[PDB]
Amino acid sequence: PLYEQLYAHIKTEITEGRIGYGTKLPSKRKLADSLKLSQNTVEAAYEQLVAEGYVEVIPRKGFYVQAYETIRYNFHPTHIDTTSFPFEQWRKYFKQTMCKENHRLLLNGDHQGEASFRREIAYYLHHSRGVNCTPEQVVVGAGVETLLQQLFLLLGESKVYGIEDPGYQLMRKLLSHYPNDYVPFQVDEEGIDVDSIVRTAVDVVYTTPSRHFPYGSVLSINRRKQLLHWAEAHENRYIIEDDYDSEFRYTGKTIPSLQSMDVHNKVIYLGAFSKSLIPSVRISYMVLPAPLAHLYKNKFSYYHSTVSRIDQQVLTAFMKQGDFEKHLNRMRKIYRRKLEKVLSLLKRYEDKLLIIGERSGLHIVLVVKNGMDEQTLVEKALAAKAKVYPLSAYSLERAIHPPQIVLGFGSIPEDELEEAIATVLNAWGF
Amino acid sequence: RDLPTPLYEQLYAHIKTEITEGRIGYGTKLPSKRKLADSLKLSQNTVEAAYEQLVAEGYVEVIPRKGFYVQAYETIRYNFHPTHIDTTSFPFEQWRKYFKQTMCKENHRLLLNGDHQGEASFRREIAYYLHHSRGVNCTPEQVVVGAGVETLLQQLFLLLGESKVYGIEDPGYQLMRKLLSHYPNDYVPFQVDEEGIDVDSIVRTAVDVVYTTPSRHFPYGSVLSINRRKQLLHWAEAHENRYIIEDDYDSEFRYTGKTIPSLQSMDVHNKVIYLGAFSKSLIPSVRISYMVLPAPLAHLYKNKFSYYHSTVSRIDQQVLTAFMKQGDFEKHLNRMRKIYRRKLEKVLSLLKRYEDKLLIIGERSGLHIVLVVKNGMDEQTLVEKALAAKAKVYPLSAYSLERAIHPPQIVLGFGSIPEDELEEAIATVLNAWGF
DNA sequence: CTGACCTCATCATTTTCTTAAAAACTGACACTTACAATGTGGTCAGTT
DNA sequence: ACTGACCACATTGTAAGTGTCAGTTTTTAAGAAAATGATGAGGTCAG
């Protein structure tokens, strides 16, 4: 349109430099007559010119020029089963929670989180895992990484962190960028080496009391009490609790969280919420002791929330009624059936493939007694359009001589387990 | 036996309390299965299950073909934010259709996460929209996504280093100083005239990265001329380890004179990084954002943070991709622009009558206006009187480190006030004041 | 030999799951009004 | 005489609105089947 055509035509002229600074623009009220355009279009074009500072106008009209110069299957514990997700149950609550009548939920607020969401999480934790909490005690954010970065900023750059050697490669990745340094630790079949911790001047150590990734070892009560006494020995040491994959134990009901024994408020409860409902929904949560929570509130008062308020409201409406328990039970049953079927199928190769670990969880890890190296196993698996993930990446120490490979089955359909196992074993040469 | 918890639980609790109180010592022999089952008239299965759970917990240890052994030794009416958007005008009925379209039973294999840099789609449509609406020239793979501006700025801070010195605008939007208060880096305060940032103070100082808004200046609304933009670009080009960050506040809400092209459009030496937002246009509570980086910084970010995961859910990403794929975003933006223009004209016409004691500083474009109060009363008195009428207001003192003008000037917002309540709110706040 | 490891049988209560009809929803097509964009024309007050 | 901005009413094409409709969908008191905790009676193997 001429509204912008004239503006561009004069902009290219002022840019190329046929007119210098101080020269008047060709005319006013005369260029419209000479170019047979109306005066309004010229006025609008000149207003556009002076808006961006290409030409500046004296309050009495003068014009001053300015410019002058392909995998069939995959196996790993991250995936969860997606077919059995009740979409028709999520959609109902979504349509119930977001309506034109219920406005003013489109604007941000409650930097920590929605009060109802926090209260319901506290109630659920207290009545399920035996974790004493307070509605204002718990904080909620998107992703565990953000919460751990907030923790790192809150504690400082003058601390050393304890990480078990075979475990989840997350704290190492976070501490690589930060100035802090970590100390490796070995683990036996009963838990972490509490003796090594107590004979060392570590400050904060990271562990999963409920289930040990990936071996599934469960800490006994004597080691737990010894660790609490070690934390009580000093005044400025803290223990972080990781709620990786609880509520998924079949035979032996559920084991209470370590915080239940925390009489002297010295445990912070890290958790997770995206390894149950949706892997890509990005909600996590964390509980802190009263003094540390108070200091965090008094220190991080400016940051806004990280997870959308719509998701908070729809999910607290979803699991306020009680569908969370039903979905959890159905997932537990189907995963138990999958585990039993996989174990029964793989039991016949007991002489060469020995299963090690415990039933509870979403994955199993098996040692291969064949003479091929772990690289050969991975290459042959990926050559059959079914890639597998070795355990060597989960520990930074020297490679274990028997090639130990982790296997997951969350993503594999129930009817394709036999075919996947058969083709994997055929690729391995059995 | 009458409790809802089966004997599978009462027996375990009883042995729990017996062990904890110390009635059974270390290594003491348990009565095994048959003896206890006969003594307590309970089936072998429940007793063996309770003992197996006990062994799993670790209180006692079982050895094959022999008995157990213990191993346990001991009110506001009209809120005034220059940050809200109008809520009633939001087309919820259009959001619902896309949400029901994207999340269905057949739409499996999407709950699992992935593509930490964002799905190729959302990136490609956001790049297309940026190129065709703001003159931003960038390949789709360069843009990144995140939950809000805070996470992106923290990632940029970690990627750059702890030695750089950051430059901010005049006393104003208090974000970068709040972020840098927790980091070893330091900020250099600056001053701006009624046109923009003073490039002379930039070139007489050795600052490395300076934060500015080349489109609209918070809160004065000043727009940088081409000469100052070219001078800043030349200063950035002068050295080899200095960068300029661009933050477009409301660059798509210019009423009369179309849209002002972005500063990145004039960049040729790959020296600017774009910082946009999706929380001041569509919904201020979904927490979406984006950032554009040049090729070397893109490679550095890809090779440095390759082992992260996006903080934005794929449901929202896909529904936004569907929303902006068919063009409803432009229609919604036009509707919001028109309603905000009408609101601004109405409020300006209403406030024109009281002009002797009050003045308007900001320009037409934007969502807020700043006005001075020449009445003989201090800023705290204005704030307290406003709050006493159940409608509190926000002064510029919080935005100002120093004291600029002795007559207090207050920022007023109208994004979250209905058209039928503007006159009533203005009348009641004026009555609360001396007028 | 008594003693402790196990794996079938089939009983039971109470949650989960499935199909029927009757209910409300909303989609595409259509059309009737409206509406604010650019745009031409004719002014307006005030400088110097 | 040279030049500020402020009406008039003309235009094309996007946005807004009501209509009935076929259509995918929501809701429900039945129905039946699954699973656990539970009793009973075995199985091998040590020492």
# chains A, B, ... in the order shown; residues from 1 in each chain; ligands from 1

$ closest_atom_pairs --of "chain D" --to "range 12-18 of chain C" --cutoff "8 Å" --atoms "only C-alpha atoms (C1' of nucleotides)" --output "JSON lines"
{"residue": "D:31", "atom": "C1'", "partner": "C:18", "partner_atom": "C1'", "distance": 7.6}
{"residue": "D:32", "atom": "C1'", "partner": "C:18", "partner_atom": "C1'", "distance": 7.3}
{"residue": "D:33", "atom": "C1'", "partner": "C:17", "partner_atom": "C1'", "distance": 7.5}
{"residue": "D:34", "atom": "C1'", "partner": "C:16", "partner_atom": "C1'", "distance": 6.8}
{"residue": "D:38", "atom": "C1'", "partner": "C:12", "partner_atom": "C1'", "distance": 7.4}

$ write_last_selection --atoms "N, CA, C and O atoms (P, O5', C5', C4', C3', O3' and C1' of nucleotides)" --output "PDB file, in the first residue's frame"
ATOM      1  P    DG D  31     -28.360 -56.481  37.218  1.00  0.00           P
ATOM      2  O5'  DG D  31     -27.214 -56.963  36.211  1.00  0.00           O
ATOM      3  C5'  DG D  31     -27.543 -57.320  34.873  1.00  0.00           C
ATOM      4  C4'  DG D  31     -26.303 -57.322  33.995  1.00  0.00           C
ATOM      5  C3'  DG D  31     -25.205 -58.281  34.431  1.00  0.00           C
ATOM      6  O3'  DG D  31     -25.388 -59.549  33.805  1.00  0.00           O
ATOM      7  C1'  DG D  31     -24.291 -56.117  34.139  1.00  0.00           C
ATOM      8  P    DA D  32     -25.199 -60.906  34.647  1.00  0.00           P
ATOM      9  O5'  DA D  32     -23.618 -61.160  34.625  1.00  0.00           O
ATOM     10  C5'  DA D  32     -22.974 -61.553  33.419  1.00  0.00           C
ATOM     11  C4'  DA D  32     -21.543 -61.046  33.375  1.00  0.00           C
ATOM     12  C3'  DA D  32     -20.578 -61.744  34.321  1.00  0.00           C
ATOM     13  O3'  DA D  32     -20.009 -62.918  33.695  1.00  0.00           O
ATOM     14  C1'  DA D  32     -20.403 -59.400  34.610  1.00  0.00           C
ATOM     15  P    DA D  33     -18.802 -62.822  32.628  1.00  0.00           P
ATOM     16  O5'  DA D  33     -17.495 -62.582  33.517  1.00  0.00           O
ATOM     17  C5'  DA D  33     -16.283 -62.172  32.897  1.00  0.00           C
ATOM     18  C4'  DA D  33     -15.422 -61.372  33.860  1.00  0.00           C
ATOM     19  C3'  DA D  33     -14.304 -62.167  34.539  1.00  0.00           C
ATOM     20  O3'  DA D  33     -13.041 -61.780  34.008  1.00  0.00           O
ATOM     21  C1'  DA D  33     -15.434 -60.678  36.057  1.00  0.00           C
ATOM     22  P    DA D  34     -11.813 -62.816  34.007  1.00  0.00           P
ATOM     23  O5'  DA D  34     -10.759 -62.166  35.020  1.00  0.00           O
ATOM     24  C5'  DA D  34     -10.074 -60.971  34.658  1.00  0.00           C
ATOM     25  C4'  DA D  34      -9.926 -60.050  35.856  1.00  0.00           C
ATOM     26  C3'  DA D  34      -8.946 -60.520  36.915  1.00  0.00           C
ATOM     27  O3'  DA D  34      -7.629 -60.088  36.584  1.00  0.00           O
ATOM     28  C1'  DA D  34     -10.971 -59.751  37.927  1.00  0.00           C
ATOM     29  P    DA D  38      -5.303 -61.955  55.636  1.00  0.00           P
ATOM     30  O5'  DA D  38      -5.869 -63.415  55.313  1.00  0.00           O
ATOM     31  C5'  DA D  38      -7.270 -63.650  55.358  1.00  0.00           C
ATOM     32  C4'  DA D  38      -7.598 -65.060  54.902  1.00  0.00           C
ATOM     33  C3'  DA D  38      -6.699 -66.142  55.463  1.00  0.00           C
ATOM     34  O3'  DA D  38      -7.174 -66.546  56.740  1.00  0.00           O
ATOM     35  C1'  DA D  38      -7.150 -66.501  53.130  1.00  0.00           C
TER      36       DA D  38
END

$ interface_residues --of "chain A" --to "chain D" --cutoff "10 Å" --atoms "only C-alpha atoms (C1' of nucleotides)" --output "PyMOL selection string"
chain A and resi 28-29+59-62+92+333

$ residues_around --residues "residue 178 in chain A" --least-positions-apart "2" --cutoff "10 Å" --atoms "only C-alpha atoms (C1' of nucleotides)" --output "ChimeraX atom specification"
/A:149,152-153,156-157,172-176,180-181 /B:158

$ select_by_dssp --residues "range 256-401 of chain B" --states "alpha helix (DSSP H)" --output "ChimeraX atom specification"
/B:295-304,314-325,328-352,379-388

$ write_last_selection --atoms "C-alpha atoms" --output "CSV table (one decimal), in the first residue's frame"
chain,number,residue,atom,x,y,z
B,295,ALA,CA,25.7,-20.1,14.8
B,296,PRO,CA,28.8,-20.2,17.1
B,297,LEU,CA,26.8,-19.6,20.3
B,298,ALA,CA,24.3,-22.1,19.0
B,299,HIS,CA,27.1,-24.7,18.6
B,300,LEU,CA,28.5,-23.9,22.0
B,301,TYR,CA,25.1,-24.2,23.7
B,302,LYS,CA,24.4,-27.5,21.8
B,303,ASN,CA,27.7,-29.0,22.9
B,304,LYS,CA,27.5,-27.6,26.4
B,314,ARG,CA,4.9,-31.3,25.0
B,315,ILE,CA,1.2,-31.0,25.3
B,316,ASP,CA,1.4,-27.2,25.4
B,317,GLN,CA,4.0,-27.2,22.7
B,318,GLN,CA,1.8,-29.2,20.4
B,319,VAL,CA,-1.3,-27.3,21.1
B,320,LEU,CA,0.5,-24.0,20.5
B,321,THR,CA,1.9,-25.4,17.2
B,322,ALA,CA,-1.7,-26.3,16.1
B,323,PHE,CA,-2.9,-22.9,17.3
B,324,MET,CA,-0.3,-20.8,15.3
B,325,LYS,CA,-0.2,-23.2,12.4
B,328,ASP,CA,-5.8,-17.9,14.8
B,329,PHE,CA,-2.9,-16.3,16.6
B,330,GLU,CA,-2.9,-13.3,14.2
B,331,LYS,CA,-6.7,-12.8,14.7
B,332,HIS,CA,-6.4,-13.0,18.5
B,333,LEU,CA,-3.5,-10.5,18.4
B,334,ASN,CA,-5.6,-8.1,16.2
B,335,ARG,CA,-8.5,-8.4,18.6
B,336,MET,CA,-6.4,-7.7,21.7
B,337,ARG,CA,-4.7,-4.7,19.9
B,338,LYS,CA,-8.0,-3.2,19.0
B,339,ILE,CA,-9.5,-3.6,22.5
B,340,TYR,CA,-6.3,-2.2,24.1
B,341,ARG,CA,-6.4,0.8,21.8
B,342,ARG,CA,-10.0,1.5,22.7
B,343,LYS,CA,-9.2,1.2,26.4
B,344,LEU,CA,-6.2,3.5,26.1
B,345,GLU,CA,-8.2,6.1,24.2
B,346,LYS,CA,-11.0,5.9,26.7
B,347,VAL,CA,-8.7,6.3,29.7
B,348,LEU,CA,-6.7,9.1,28.1
B,349,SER,CA,-9.9,11.0,27.2
B,350,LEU,CA,-11.3,10.5,30.8
B,351,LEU,CA,-8.0,11.8,32.4
B,352,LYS,CA,-7.7,14.7,30.0
B,379,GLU,CA,4.9,9.2,47.4
B,380,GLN,CA,4.3,7.1,50.4
B,381,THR,CA,1.2,9.2,51.2
B,382,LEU,CA,-0.2,8.6,47.7
B,383,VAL,CA,0.4,4.8,48.0
B,384,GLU,CA,-1.2,4.6,51.4
B,385,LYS,CA,-4.2,6.7,50.4
B,386,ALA,CA,-4.7,4.5,47.3
B,387,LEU,CA,-4.5,1.3,49.4
B,388,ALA,CA,-6.9,2.8,51.9

$ atom_distance --atom1 "CA of residue 113 in chain B" --atom2 "CA of residue 282 in chain A"
9.2 Å

$ residues_around --residues "residue 27 in chain C" --least-positions-apart "4" --cutoff "12 Å" --atoms "only C-alpha atoms (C1' of nucleotides)" --output "PyMOL selection string"
(chain B and resi 97) or (chain D and resi 21-25)

$ residues_around --residues "residue 304 in chain A" --least-positions-apart "4" --cutoff "12 Å" --atoms "only C-alpha atoms (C1' of nucleotides)" --output "list in words"
residues 107, 108, 109, 110, 111, 112, 113, 140, 141, 142, 300, 308 and 309 of chain A; 147, 148, 149, 150, 151, 175, 284, 285, 286 and 287 of chain B

$ write_last_selection --atoms "C-alpha atoms" --output "compact mmCIF listing (two decimals), in the first residue's frame"
# COMPACT_ATOMS: atom_id res chain seq x y z
CA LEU A 107 -2.50 -14.74 35.28
CA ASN A 108 0.51 -15.88 37.28
CA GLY A 109 0.67 -16.01 41.05
CA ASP A 110 1.58 -18.13 44.06
CA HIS A 111 5.27 -18.37 43.17
CA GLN A 112 5.71 -21.57 45.17
CA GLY A 113 2.50 -23.20 43.94
CA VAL A 140 6.66 -27.45 43.72
CA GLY A 141 8.46 -26.78 40.45
CA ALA A 142 8.93 -28.12 36.94
CA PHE A 300 13.86 -16.66 46.77
CA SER A 308 1.78 -23.76 34.52
CA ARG A 309 -1.10 -22.98 36.87
CA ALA B 147 9.85 -22.07 30.85
CA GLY B 148 9.97 -18.31 31.31
CA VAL B 149 12.78 -15.83 30.82
CA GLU B 150 14.48 -16.63 34.14
CA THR B 151 15.59 -20.12 33.12
CA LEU B 175 15.13 -8.40 36.62
CA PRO B 284 0.64 -14.85 31.37
CA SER B 285 0.43 -18.19 33.21
CA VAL B 286 1.54 -20.88 30.73
CA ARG B 287 5.22 -19.88 31.16

$ closest_atom_pairs --of "chain C" --to "chain B" --cutoff "9 Å" --atoms "only C-alpha atoms (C1' of nucleotides)" --output "JSON lines"
{"residue": "C:3", "atom": "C1'", "partner": "B:66", "partner_atom": "CA", "distance": 8.2}
{"residue": "C:4", "atom": "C1'", "partner": "B:65", "partner_atom": "CA", "distance": 5.0}
{"residue": "C:5", "atom": "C1'", "partner": "B:65", "partner_atom": "CA", "distance": 4.8}

$ closest_residue --among "A:332, A:401, A:30, A:119" --to "residue 248 in chain A" --atoms "only C-alpha atoms"
A:332

$ closest_atom_pairs --of "chain C" --to "range 38-57 of chain A" --cutoff "9 Å" --atoms "only C-alpha atoms (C1' of nucleotides)" --output "CSV"
residue,atom,partner,partner_atom,distance
C:39,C1',A:41,CA,8.2
C:40,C1',A:38,CA,6.8
C:41,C1',A:38,CA,8.9

$ write_last_selection --atoms "N, CA and C atoms (P, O5', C5', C4', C3', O3' and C1' of nucleotides)" --output "compact mmCIF listing (two decimals), in the first residue's frame"
# COMPACT_ATOMS: atom_id res chain seq x y z
P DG C 39 -3.97 3.79 1.51
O5' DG C 39 -5.10 4.84 1.07
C5' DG C 39 -6.18 4.42 0.25
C4' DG C 39 -7.29 5.46 0.22
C3' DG C 39 -6.82 6.89 0.07
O3' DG C 39 -6.64 7.20 -1.31
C1' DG C 39 -8.65 6.69 1.63
P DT C 40 -5.98 8.60 -1.74
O5' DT C 40 -7.24 9.59 -1.85
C5' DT C 40 -8.31 9.28 -2.74
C4' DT C 40 -9.45 10.27 -2.57
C3' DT C 40 -9.06 11.75 -2.65
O3' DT C 40 -9.90 12.42 -3.57
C1' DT C 40 -10.37 11.34 -0.73
P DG C 41 -9.63 13.96 -3.95
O5' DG C 41 -10.52 14.78 -2.91
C5' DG C 41 -11.94 14.71 -2.98
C4' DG C 41 -12.59 15.60 -1.94
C3' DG C 41 -11.96 16.99 -1.79
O3' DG C 41 -12.97 17.99 -1.82
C1' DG C 41 -12.15 15.94 0.32

$ interface_residues --of "chain A" --to "chain B" --cutoff "8 Å" --atoms "only C-alpha atoms" --output "mmCIF file with C-alpha atoms, in the first residue's frame"
data_model
loop_
_atom_site.group_PDB
_atom_site.id
_atom_site.type_symbol
_atom_site.label_atom_id
_atom_site.label_comp_id
_atom_site.auth_asym_id
_atom_site.auth_seq_id
_atom_site.Cartn_x
_atom_site.Cartn_y
_atom_site.Cartn_z
ATOM 1 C CA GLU A 47 4.628 10.433 11.009
ATOM 2 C CA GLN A 48 6.004 6.936 10.410
ATOM 3 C CA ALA A 51 8.394 7.721 14.829
ATOM 4 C CA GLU A 52 11.574 5.744 14.088
ATOM 5 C CA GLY A 53 13.877 8.779 14.186
ATOM 6 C CA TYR A 54 14.851 8.771 10.505
ATOM 7 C CA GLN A 66 19.202 12.215 10.866
ATOM 8 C CA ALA A 67 20.964 9.196 9.345
ATOM 9 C CA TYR A 68 24.579 9.966 8.433
ATOM 10 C CA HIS A 79 10.055 -45.003 29.302
ATOM 11 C CA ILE A 80 6.682 -45.744 30.886
ATOM 12 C CA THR A 82 1.511 -45.231 27.505
ATOM 13 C CA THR A 83 -1.347 -47.344 26.110
ATOM 14 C CA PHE A 87 -6.937 -39.933 28.334
ATOM 15 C CA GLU A 88 -10.734 -39.782 28.631
ATOM 16 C CA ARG A 91 -9.937 -34.573 29.172
ATOM 17 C CA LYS A 95 -12.791 -29.265 30.249
ATOM 18 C CA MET A 98 -10.769 -24.256 32.054
ATOM 19 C CA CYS A 99 -14.023 -22.432 31.306
ATOM 20 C CA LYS A 100 -14.907 -18.866 30.368
ATOM 21 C CA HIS A 103 -11.135 -16.657 34.500
ATOM 22 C CA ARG A 104 -8.303 -15.009 36.516
ATOM 23 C CA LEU A 105 -6.467 -18.336 36.438
ATOM 24 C CA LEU A 106 -4.715 -17.122 33.273
ATOM 25 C CA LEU A 107 -2.495 -14.736 35.278
ATOM 26 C CA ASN A 108 0.511 -15.883 37.276
ATOM 27 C CA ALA A 142 8.927 -28.118 36.939
ATOM 28 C CA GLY A 143 11.707 -30.679 36.598
ATOM 29 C CA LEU A 153 22.412 -21.752 44.619
ATOM 30 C CA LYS A 173 26.248 -33.572 35.247
ATOM 31 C CA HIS A 177 29.289 -26.815 35.463
ATOM 32 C CA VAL A 218 17.085 -51.776 49.952
ATOM 33 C CA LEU A 219 18.860 -50.141 52.882
ATOM 34 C CA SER A 220 18.394 -51.855 56.238
ATOM 35 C CA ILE A 221 17.382 -50.083 59.441
ATOM 36 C CA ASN A 222 20.786 -50.250 61.166
ATOM 37 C CA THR A 251 5.091 -58.638 47.399
ATOM 38 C CA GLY A 252 6.238 -56.607 50.395
ATOM 39 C CA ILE A 255 8.597 -49.394 52.744
ATOM 40 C CA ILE A 278 3.294 -38.612 32.125
ATOM 41 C CA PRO A 279 7.024 -38.604 31.241
ATOM 42 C CA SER A 280 6.591 -35.234 29.474
ATOM 43 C CA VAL A 281 4.351 -33.339 31.884
ATOM 44 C CA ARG A 282 7.247 -31.882 33.950
ATOM 45 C CA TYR A 302 11.077 -12.934 43.574
ATOM 46 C CA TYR A 303 11.162 -15.926 41.213
ATOM 47 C CA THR A 306 7.920 -22.790 36.626
ATOM 48 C CA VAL A 307 4.989 -25.171 35.989
ATOM 49 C CA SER A 308 1.784 -23.761 34.519
ATOM 50 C CA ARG A 309 -1.104 -22.983 36.865
ATOM 51 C CA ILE A 310 -3.512 -24.731 34.478
#

$ closest_residue --among "D:29, D:45, D:9, D:1" --to "chain B" --atoms "only C-alpha atoms (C1' of nucleotides)"
D:45

$ residues_around --residues "residue 163 in chain B" --least-positions-apart "5" --cutoff "9 Å" --atoms "only C-alpha atoms (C1' of nucleotides)" --output "PyMOL selection string"
chain B and resi 184-186

$ write_last_selection --atoms "N, CA, C and O atoms" --output "PDB file, in the first residue's frame"
ATOM      1  N   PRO B 184      28.372 -14.294  41.034  1.00  0.00           N
ATOM      2  CA  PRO B 184      29.560 -13.448  41.241  1.00  0.00           C
ATOM      3  C   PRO B 184      29.640 -12.249  40.311  1.00  0.00           C
ATOM      4  O   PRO B 184      30.371 -11.300  40.620  1.00  0.00           O
ATOM      5  N   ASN B 185      28.926 -12.258  39.188  1.00  0.00           N
ATOM      6  CA  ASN B 185      29.025 -11.168  38.230  1.00  0.00           C
ATOM      7  C   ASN B 185      28.502  -9.865  38.834  1.00  0.00           C
ATOM      8  O   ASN B 185      27.850  -9.844  39.883  1.00  0.00           O
ATOM      9  N   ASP B 186      28.798  -8.762  38.150  1.00  0.00           N
ATOM     10  CA  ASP B 186      28.444  -7.430  38.612  1.00  0.00           C
ATOM     11  C   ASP B 186      27.796  -6.642  37.483  1.00  0.00           C
ATOM     12  O   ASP B 186      28.059  -6.884  36.301  1.00  0.00           O
TER      13      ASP B 186
END

$ closest_residue --among "A:213, A:170, A:230, A:329" --to "chain C" --atoms "only C-alpha atoms (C1' of nucleotides)"
A:329

$ residues_around --residues "residue 41 in chain D" --least-positions-apart "4" --cutoff "12 Å" --atoms "only C-alpha atoms (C1' of nucleotides)" --output "ChimeraX atom specification"
/B:43-44 /C:7-10

$ write_last_selection --atoms "C-alpha atoms (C1' of nucleotides)" --output "PDB file, in the first residue's frame"
ATOM      1  CA  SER B  43      -2.183 -70.276  58.403  1.00  0.00           C
ATOM      2  CA  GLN B  44       1.404 -70.801  57.253  1.00  0.00           C
TER       3      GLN B  44
ATOM      4  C1'  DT C   7       3.829 -74.973  45.503  1.00  0.00           C
ATOM      5  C1'  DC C   8      -0.536 -76.589  44.434  1.00  0.00           C
ATOM      6  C1'  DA C   9      -5.651 -76.861  45.697  1.00  0.00           C
ATOM      7  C1'  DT C  10     -10.139 -73.632  45.884  1.00  0.00           C
TER       8       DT C  10
END

$ interface_residues --of "chain D" --to "chain B" --cutoff "10 Å" --atoms "only C-alpha atoms (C1' of nucleotides)" --output "list in words"
residues 14, 15, 37, 38, 39, 40, 45, 46 and 47 of chain D

$ closest_residue --among "B:389, B:206, B:415, B:155" --to "residue 239 in chain B" --atoms "only C-alpha atoms"
B:206

$ closest_residue --among "B:245, B:134, B:240, B:94" --to "residue 168 in chain B" --atoms "only C-alpha atoms"
B:245

$ decode --residues "range 140-151 of chain A" --atoms "N, CA, C and O atoms" --output "PDB file, in the first residue's frame"
ATOM      1  N   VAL A 140       6.955 -26.729  44.957  1.00  0.00           N
ATOM      2  CA  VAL A 140       6.663 -27.447  43.724  1.00  0.00           C
ATOM      3  C   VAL A 140       7.227 -26.665  42.546  1.00  0.00           C
ATOM      4  O   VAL A 140       7.082 -25.439  42.470  1.00  0.00           O
ATOM      5  N   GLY A 141       7.892 -27.379  41.636  1.00  0.00           N
ATOM      6  CA  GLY A 141       8.462 -26.776  40.448  1.00  0.00           C
ATOM      7  C   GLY A 141       8.458 -27.772  39.311  1.00  0.00           C
ATOM      8  O   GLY A 141       8.070 -28.932  39.473  1.00  0.00           O
ATOM      9  N   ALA A 142       8.898 -27.306  38.147  1.00  0.00           N
ATOM     10  CA  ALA A 142       8.927 -28.118  36.939  1.00  0.00           C
ATOM     11  C   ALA A 142      10.327 -28.687  36.752  1.00  0.00           C
ATOM     12  O   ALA A 142      11.294 -27.933  36.599  1.00  0.00           O
ATOM     13  N   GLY A 143      10.430 -30.012  36.761  1.00  0.00           N
ATOM     14  CA  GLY A 143      11.707 -30.679  36.598  1.00  0.00           C
ATOM     15  C   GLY A 143      12.525 -30.722  37.871  1.00  0.00           C
ATOM     16  O   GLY A 143      12.595 -29.734  38.608  1.00  0.00           O
ATOM     17  N   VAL A 144      13.149 -31.871  38.142  1.00  0.00           N
ATOM     18  CA  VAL A 144      14.003 -31.993  39.320  1.00  0.00           C
ATOM     19  C   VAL A 144      15.279 -31.177  39.148  1.00  0.00           C
ATOM     20  O   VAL A 144      15.891 -30.750  40.137  1.00  0.00           O
ATOM     21  N   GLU A 145      15.701 -30.949  37.902  1.00  0.00           N
ATOM     22  CA  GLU A 145      16.928 -30.199  37.656  1.00  0.00           C
ATOM     23  C   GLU A 145      16.817 -28.767  38.163  1.00  0.00           C
ATOM     24  O   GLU A 145      17.775 -28.227  38.729  1.00  0.00           O
ATOM     25  N   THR A 146      15.660 -28.130  37.963  1.00  0.00           N
ATOM     26  CA  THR A 146      15.477 -26.768  38.458  1.00  0.00           C
ATOM     27  C   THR A 146      15.541 -26.722  39.979  1.00  0.00           C
ATOM     28  O   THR A 146      16.162 -25.821  40.557  1.00  0.00           O
ATOM     29  N   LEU A 147      14.911 -27.692  40.646  1.00  0.00           N
ATOM     30  CA  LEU A 147      14.954 -27.733  42.105  1.00  0.00           C
ATOM     31  C   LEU A 147      16.374 -27.952  42.610  1.00  0.00           C
ATOM     32  O   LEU A 147      16.795 -27.333  43.593  1.00  0.00           O
ATOM     33  N   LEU A 148      17.132 -28.831  41.951  1.00  0.00           N
ATOM     34  CA  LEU A 148      18.508 -29.063  42.379  1.00  0.00           C
ATOM     35  C   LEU A 148      19.405 -27.864  42.099  1.00  0.00           C
ATOM     36  O   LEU A 148      20.322 -27.590  42.879  1.00  0.00           O
ATOM     37  N   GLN A 149      19.166 -27.137  41.006  1.00  0.00           N
ATOM     38  CA  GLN A 149      19.924 -25.912  40.769  1.00  0.00           C
ATOM     39  C   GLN A 149      19.593 -24.853  41.815  1.00  0.00           C
ATOM     40  O   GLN A 149      20.481 -24.124  42.274  1.00  0.00           O
ATOM     41  N   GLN A 150      18.319 -24.761  42.207  1.00  0.00           N
ATOM     42  CA  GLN A 150      17.947 -23.861  43.295  1.00  0.00           C
ATOM     43  C   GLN A 150      18.629 -24.265  44.597  1.00  0.00           C
ATOM     44  O   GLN A 150      19.099 -23.407  45.351  1.00  0.00           O
ATOM     45  N   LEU A 151      18.697 -25.569  44.871  1.00  0.00           N
ATOM     46  CA  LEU A 151      19.409 -26.049  46.052  1.00  0.00           C
ATOM     47  C   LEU A 151      20.886 -25.682  45.997  1.00  0.00           C
ATOM     48  O   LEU A 151      21.470 -25.261  47.003  1.00  0.00           O
TER      49      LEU A 151
END
